[PDB]
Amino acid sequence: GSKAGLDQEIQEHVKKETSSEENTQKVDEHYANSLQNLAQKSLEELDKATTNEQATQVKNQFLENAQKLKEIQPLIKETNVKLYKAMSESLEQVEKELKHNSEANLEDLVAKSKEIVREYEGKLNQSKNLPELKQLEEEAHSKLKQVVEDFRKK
């Protein structure tokens, strides 16, 4: 127990490095794929050039665009991170809102149903004969059905 925190800290340093290098590999692979696509498009433009100057310009523009592409890779990773965080936080907010609202609706319906039951139990406890009992029981069940139906159709 006394050494658990230190073990966790050492393992966490190692995990930080391994996660850093794995994210580096992912960024490198995406960058290499984008660079291959850029190069293929520039090579197609070059094959269709009609002038040595147009061809040299295709090459120079490829080099410029390759520099631009390399410059944005860490920003690409940071943008993906921020997008995922925003999605997760919005999902959690909406989840807690839905939980609260559904619980409130259920509590209101349960309160109304228990109130119908209490009213008619109070009436039934004062019953003097069997016909009154049957009439009150039927009215109570009809009121309960009306309440639960109105809620299902709310």
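Just count from 1 along the sequence shown to find any residue number.
Mean CA B-factor, 144-152 versus 3-11: the higher value falls on 144-152. Stretch comparison (84-92 versus 62-70) by mean CA B-factor in the PDB entry places 84-92 on top. As recorded in the PDB entry, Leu109 shows the highest C-alpha B-factor of the residues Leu109, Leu35, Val117, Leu124.
In the deposited coordinates, the residue among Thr56, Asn129, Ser113, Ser42 with the greatest CA B-factor is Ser113.
Placement of the Cα temperature factor of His100 within the chain: highest third of the modelled residues, per the deposited record.
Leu46: CA B factor in the middle third of modelled residues in this chain (values from the PDB entry).
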